[PDB]
$ cat run18.json   # JSON, N, CA and C atoms
[["chain", "number", "residue", "atom", "x", "y", "z"],
["A", 2, "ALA", "N", -4.19, -8.17, 1.83],
["A", 2, "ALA", "CA", -5.60, -7.68, 1.79],
["A", 2, "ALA", "C", -5.82, -6.15, 1.98],
["A", 3, "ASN", "N", -5.25, -5.56, 3.05],
["A", 3, "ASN", "CA", -5.28, -4.08, 3.29],
["A", 3, "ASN", "C", -4.39, -3.23, 2.32],
["A", 4, "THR", "N", -3.25, -3.75, 1.81],
["A", 4, "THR", "CA", -2.30, -3.01, 0.94],
["A", 4, "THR", "C", -2.92, -2.60, -0.44],
["A", 5, "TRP", "N", -3.34, -3.58, -1.28],
["A", 5, "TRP", "CA", -4.03, -3.30, -2.58],
["A", 5, "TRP", "C", -5.43, -2.60, -2.51],
["A", 6, "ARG", "N", -6.25, -2.86, -1.48],
["A", 6, "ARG", "CA", -7.59, -2.23, -1.31],
["A", 6, "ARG", "C", -7.54, -0.70, -1.02],
["A", 7, "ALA", "N", -6.71, -0.25, -0.06],
["A", 7, "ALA", "CA", -6.52, 1.19, 0.27],
["A", 7, "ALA", "C", -6.06, 2.14, -0.88],
["A", 8, "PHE", "N", -5.15, 1.69, -1.77],
["A", 8, "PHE", "CA", -4.60, 2.54, -2.87],
["A", 8, "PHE", "C", -5.63, 2.88, -3.99],
["A", 9, "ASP", "N", -6.24, 1.87, -4.64],
["A", 9, "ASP", "CA", -7.29, 2.08, -5.68],
["A", 9, "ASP", "C", -8.58, 1.33, -5.22],
["A", 10, "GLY", "N", -9.66, 2.10, -5.03],
["A", 10, "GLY", "CA", -10.98, 1.56, -4.63],
["A", 10, "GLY", "C", -11.09, 1.08, -3.16],
["A", 11, "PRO", "N", -11.11, 1.94, -2.10],
["A", 11, "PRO", "CA", -11.26, 1.48, -0.70],
["A", 11, "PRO", "C", -12.75, 1.20, -0.32],
["A", 12, "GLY", "N", -13.14, -0.09, -0.42],
["A", 12, "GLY", "CA", -14.50, -0.54, -0.05],
["A", 12, "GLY", "C", -14.42, -1.71, 0.95],
["A", 13, "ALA", "N", -14.23, -1.38, 2.24],
["A", 13, "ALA", "CA", -14.04, -2.39, 3.31],
["A", 13, "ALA", "C", -15.37, -3.04, 3.79],
["A", 14, "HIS", "N", -16.33, -2.25, 4.35],
["A", 14, "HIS", "CA", -17.62, -2.79, 4.86],
["A", 14, "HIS", "C", -18.59, -3.40, 3.78],
["A", 15, "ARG", "N", -18.73, -2.74, 2.61],
["A", 15, "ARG", "CA", -19.55, -3.25, 1.47],
["A", 15, "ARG", "C", -19.13, -4.64, 0.90],
["A", 16, "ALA", "N", -17.82, -4.87, 0.70],
["A", 16, "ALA", "CA", -17.26, -6.20, 0.33],
["A", 16, "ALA", "C", -17.40, -7.29, 1.42],
["A", 17, "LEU", "N", -17.12, -7.00, 2.72],
["A", 17, "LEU", "CA", -17.22, -7.98, 3.84],
["A", 17, "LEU", "C", -18.59, -8.69, 4.03],
["A", 18, "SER", "N", -19.73, -7.98, 3.87],
["A", 18, "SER", "CA", -21.08, -8.62, 3.79],
["A", 18, "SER", "C", -21.30, -9.53, 2.53],
["A", 19, "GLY", "N", -20.94, -9.07, 1.31],
["A", 19, "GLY", "CA", -21.08, -9.87, 0.08],
["A", 19, "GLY", "C", -19.94, -10.89, -0.13],
["A", 20, "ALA", "N", -19.01, -10.59, -1.06],
["A", 20, "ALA", "CA", -17.90, -11.51, -1.43],
["A", 20, "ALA", "C", -16.52, -10.78, -1.32],
["A", 21, "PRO", "N", -15.78, -10.80, -0.17],
["A", 21, "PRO", "CA", -14.48, -10.09, -0.03],
["A", 21, "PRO", "C", -13.25, -10.96, -0.46],
["A", 22, "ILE", "N", -12.07, -10.65, 0.13],
["A", 22, "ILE", "CA", -10.87, -11.53, 0.13],
["A", 22, "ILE", "C", -11.15, -12.94, 0.77],
["A", 23, "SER", "N", -11.80, -13.02, 1.96],
["A", 23, "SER", "CA", -12.12, -14.30, 2.65],
["A", 23, "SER", "C", -13.02, -15.33, 1.89],
["A", 24, "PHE", "N", -14.07, -14.89, 1.16],
["A", 24, "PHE", "CA", -14.87, -15.77, 0.25],
["A", 24, "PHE", "C", -14.07, -16.44, -0.92],
["A", 25, "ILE", "N", -13.10, -15.72, -1.54],
["A", 25, "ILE", "CA", -12.18, -16.28, -2.58],
["A", 25, "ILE", "C", -11.32, -17.49, -2.06],
["A", 26, "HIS", "N", -10.73, -17.41, -0.84],
["A", 26, "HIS", "CA", -9.98, -18.54, -0.21],
["A", 26, "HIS", "C", -10.78, -19.86, 0.05],
["A", 27, "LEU", "N", -12.10, -19.81, 0.33],
["A", 27, "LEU", "CA", -12.96, -21.03, 0.46],
["A", 27, "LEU", "C", -13.03, -21.95, -0.81],
["A", 28, "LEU", "N", -13.11, -21.38, -2.03],
["A", 28, "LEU", "CA", -13.10, -22.15, -3.30],
["A", 28, "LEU", "C", -11.78, -22.93, -3.61],
["A", 29, "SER", "N", -10.59, -22.32, -3.40],
["A", 29, "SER", "CA", -9.28, -23.00, -3.62],
["A", 29, "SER", "C", -8.95, -24.07, -2.53]]

$ encode --input "run18.json" --output "structure tokens"
Amino acid sequence: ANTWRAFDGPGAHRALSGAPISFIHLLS
């Protein structure tokens, strides 16, 4: 989660309120 986000496009707080890494795991 931290490795790919920091290199291209670092948007930590804006994604966590809407749909981040954690929202994707609920569907599978």

$ atom_distance --input "run18.json" --atom1 "atom CA of residue 4 of chain A" --atom2 "atom CA of residue 29 of chain A"
21.7 Å

$ residues_around --input "run18.json" --residues "segment 18-25 of chain A" --least-positions-apart "6" --cutoff "12 Å" --atoms "only C-alpha atoms" --output "PyMOL selection string"
chain A and resi 2-3+5-6+12

$ select_by_dssp --input "run18.json" --residues "chain A" --states "alpha helix (DSSP H)" --output "ChimeraX atom specification"
/A:3-8,13-18,22-28

$ build_atoms --input "run18.json" --residues "segment 5-19 of chain A" --atoms "N, CA, C and O atoms" --output "compact mmCIF listing (two decimals), in the frame of the given file"
# COMPACT_ATOMS: atom_id res chain seq x y z
N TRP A 5 -3.34 -3.58 -1.28
CA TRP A 5 -4.03 -3.30 -2.58
C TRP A 5 -5.43 -2.60 -2.51
O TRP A 5 -5.74 -1.82 -3.42
N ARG A 6 -6.25 -2.86 -1.48
CA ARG A 6 -7.59 -2.23 -1.31
C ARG A 6 -7.54 -0.70 -1.02
O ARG A 6 -8.25 0.06 -1.70
N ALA A 7 -6.71 -0.25 -0.06
CA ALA A 7 -6.52 1.19 0.27
C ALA A 7 -6.06 2.14 -0.88
O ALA A 7 -6.55 3.27 -0.95
N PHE A 8 -5.15 1.69 -1.77
CA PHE A 8 -4.60 2.54 -2.87
C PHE A 8 -5.63 2.88 -3.99
O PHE A 8 -5.86 4.07 -4.23
N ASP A 9 -6.24 1.87 -4.64
CA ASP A 9 -7.29 2.08 -5.68
C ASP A 9 -8.58 1.33 -5.22
O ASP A 9 -8.59 0.10 -5.07
N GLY A 10 -9.66 2.10 -5.03
CA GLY A 10 -10.98 1.56 -4.63
C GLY A 10 -11.09 1.08 -3.16
O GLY A 10 -11.19 -0.14 -2.99
N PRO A 11 -11.11 1.94 -2.10
CA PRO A 11 -11.26 1.48 -0.70
C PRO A 11 -12.75 1.20 -0.32
O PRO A 11 -13.51 2.11 0.03
N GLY A 12 -13.14 -0.09 -0.42
CA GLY A 12 -14.50 -0.54 -0.05
C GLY A 12 -14.42 -1.71 0.95
O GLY A 12 -14.54 -2.87 0.55
N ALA A 13 -14.23 -1.38 2.24
CA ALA A 13 -14.04 -2.39 3.31
C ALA A 13 -15.37 -3.04 3.79
O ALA A 13 -15.53 -4.25 3.62
N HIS A 14 -16.33 -2.25 4.35
CA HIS A 14 -17.62 -2.79 4.86
C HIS A 14 -18.59 -3.40 3.78
O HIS A 14 -19.19 -4.45 4.04
N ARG A 15 -18.73 -2.74 2.61
CA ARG A 15 -19.55 -3.25 1.47
C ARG A 15 -19.13 -4.64 0.90
O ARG A 15 -20.00 -5.50 0.69
N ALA A 16 -17.82 -4.87 0.70
CA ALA A 16 -17.26 -6.20 0.33
C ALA A 16 -17.40 -7.29 1.42
O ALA A 16 -17.78 -8.41 1.07
N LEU A 17 -17.12 -7.00 2.72
CA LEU A 17 -17.22 -7.98 3.84
C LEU A 17 -18.59 -8.69 4.03
O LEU A 17 -18.60 -9.90 4.29
N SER A 18 -19.73 -7.98 3.87
CA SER A 18 -21.08 -8.62 3.79
C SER A 18 -21.30 -9.53 2.53
O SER A 18 -21.81 -10.64 2.70
N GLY A 19 -20.94 -9.07 1.31
CA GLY A 19 -21.08 -9.87 0.08
C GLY A 19 -19.94 -10.89 -0.13
O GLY A 19 -19.93 -11.94 0.52
